[PDB]
Amino acid sequence: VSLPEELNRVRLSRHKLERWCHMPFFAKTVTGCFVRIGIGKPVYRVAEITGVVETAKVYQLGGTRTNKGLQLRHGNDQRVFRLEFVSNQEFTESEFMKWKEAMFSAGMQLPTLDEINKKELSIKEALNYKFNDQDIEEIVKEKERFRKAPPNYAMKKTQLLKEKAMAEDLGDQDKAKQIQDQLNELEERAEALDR
Amino acid sequence: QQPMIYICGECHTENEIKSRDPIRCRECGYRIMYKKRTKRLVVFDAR
Amino acid sequence: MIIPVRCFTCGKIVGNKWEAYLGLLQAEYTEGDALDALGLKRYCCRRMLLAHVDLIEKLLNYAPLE
Ligand SMILES: [Zn+2]
Ligand SMILES: [Zn+2]
């Protein structure tokens with residue numbers, strides 16, 4: 001592997017990562033590809049995807065929002081990164097040479113061309129993967145975990161659910177919390193309607 | 001390359017649903033979703 | 001469901017008078033006076049503002065998103 005054009009085949013752009021924010025096997029299909037993480041002025045450094053991590057900071061990336069990190073490493077220098085800093089630009093000649101030099105200095109053997117050839121098909125086959133298994137439930141659970149509930153049309157459904165939970169729960173503290181949450185939701189809905 | 005995009009019932013969020021797949025919203029999870037308007041030349045005469 | 005654009009019988013433009021008619025009714029005027037204040041002489045065109053029902057509001061309550 002000595003060309004940039006062949007190396008850009010497995011480059012995971014910022015638009016493709018938005019479709020696997022909650023798909024399983026994220027540590028298998030993603031581990032192996034390279035990304036053009038932006039460091040910051042326009043200089044970029046290619047880093048290897050060692051694995052997957054989870055950050056405690058929740059940030060929104062356009063439409064969706066994820067808090068998962070990405071444990072990268074460039075030769076020897078490693079630290080936590082985020083999926084929002086990745087750029088969509090392809091590996092330039094200067095950055096390609098910089099990455100080659102970093103790999104040679106770090107002693108990490110360059111991945112063989114056949115390795116990239118057989119790895120680039122992983123993303124292609126995962127993209128057209130039929131969601132026949134019970135993965136949609138986990139996806140929706142993860143999405144709703146961070147995504148706040150009131151938005152946008154489920155206000156009445158959420159209010160009914162809160163009332164039902166409060167009625168079912170015989171505890172005093174839980175009842176008070178449910179009543180307070182219901183009152184807050186009703187007040188927010190009234191304010192939105194008035195606006 | 002048309003994955004037959006749909007519109008969630010209550011989320012009013014787009015979804016990509018292909019054949020032999022469950023009909024549910026990508027988030028929350030509902031069982032209702034409508035289609036999107038055609039792209040054809042919808043031309044009326046203001047008569 | 002929405003104010004027509006023209007009087008069925010006459011043809012005089014009446015669509016652009018619903019907001020004005022509502023404002024005139026709101027401030028102080030009465031219908032019989034507001035109608036001629038807007039300039040609706042023929043009784044055929046007055047039924048447009050008197051009889052018209054405003055359902056578009058109820059329709060807008062069912063906001064698709066947000
Ligand atoms: Zn759903
Ligand atoms: Zn008339």
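Don't worry about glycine lacking a Cβ; one is built from the backbone with ideal geometry, like all the others, and counts go over all protein chains shown. Values quoted throughout were computed directly from the atomic coordinates according to the rules given, and no laboratory measurement underlies them.
Check residue A:59 against each of (1) of a type in the set (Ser, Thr, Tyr); (2) surrounded by fewer than 16 Cβ atoms within 10 Å (Cβ to Cβ); (3) more than 25 Å from residue A:127 (Cα to Cα) and name the one condition it does not meet.
Only one criterion is unmet by residue A:59, namely (3).
Could you list, in sequence order, the residues of region B:4-17 that are under 11 Å from the mean Cα position of the chain (by Cα) and within 10 Å of another protein chain (Cβ to nearest Cβ)?
Residues satisfying the conditions are B:7, B:8, B:9, B:12, B:13, B:14, B:16, B:17.
Looking at residue A:138 and the list (1) within 9 Å of chain B (Cβ to nearest Cβ); (2) under 16 Å from the mean Cα position of the chain (by Cα); (3) of a type in the set (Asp, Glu), which single condition is not satisfied?
Among (1) within 9 Å of chain B (Cβ to nearest Cβ); (2) under 16 Å from the mean Cα position of the chain (by Cα); (3) of a type in the set (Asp, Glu), the lone unmet condition for residue A:138 is (1).
Could you give me the residue pairs with C-beta distances under 6 Å whose first residue belongs to region A:44-71 and is part of a loop (DSSP other than H, G, I, E, B), whose second residue is surrounded by fewer than 15 Cβ atoms within 10 Å (Cβ to Cβ) wherever it lies, and which are 6+ apart or on separate chains?
Pairs found: A:45/A:39; A:52/A:27.
Given the residues A:157, A:148, A:130, which is the only one that is under 30 Å from the mean Cα position of the chain (by Cα) and in a helix (DSSP H, G or I)?
None of the others qualify; the one that does is A:157.
What residue, of A:101, A:95, A:84, A:90, is crowded, with 17+ Cβ neighbours inside 10 Å, among the acidic types (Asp, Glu) and not in a strand (DSSP E or B)?
Result: A:95 is the single residue among A:101, A:95, A:84, A:90 that is crowded, with 17+ Cβ neighbours inside 10 Å, among the acidic types (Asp, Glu) and not in a strand (DSSP E or B).
Can you pull out every residue in region B:18-39 that is facing another protein chain (nearest Cβ under 9 Å) and crowded, with 17+ Cβ neighbours inside 10 Å?
Once the filter is applied, which keeps residues that are facing another protein chain (nearest Cβ under 9 Å) and crowded, with 17+ Cβ neighbours inside 10 Å, region B:18-39 yields B:24, B:25, B:26, B:27, B:28, B:29.
Which condition breaks for residue A:110 when tested against (1) within 12 Å of chain B (Cβ to nearest Cβ); (2) not in a helix (DSSP H, G or I)?
Condition (1) is where residue A:110 drops out.
Since residue C:30 meets every condition but one in (1) β-branched (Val, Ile, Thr); (2) touching a helix residue (DSSP H, G or I) at 6+ places or on another chain (Cβ under 7 Å); (3) exposed (fewer than 12 other Cβ atoms within 10 Å of the Cβ), which condition does it not meet?
Every condition holds for residue C:30 apart from (2).
Kindly evaluate residue A:106 against the criterion of being buried (at least 16 other Cβ atoms within 10 Å of the Cβ) and farther than 21 Å from residue B:29 by Cα.
Criteria not met by residue A:106.
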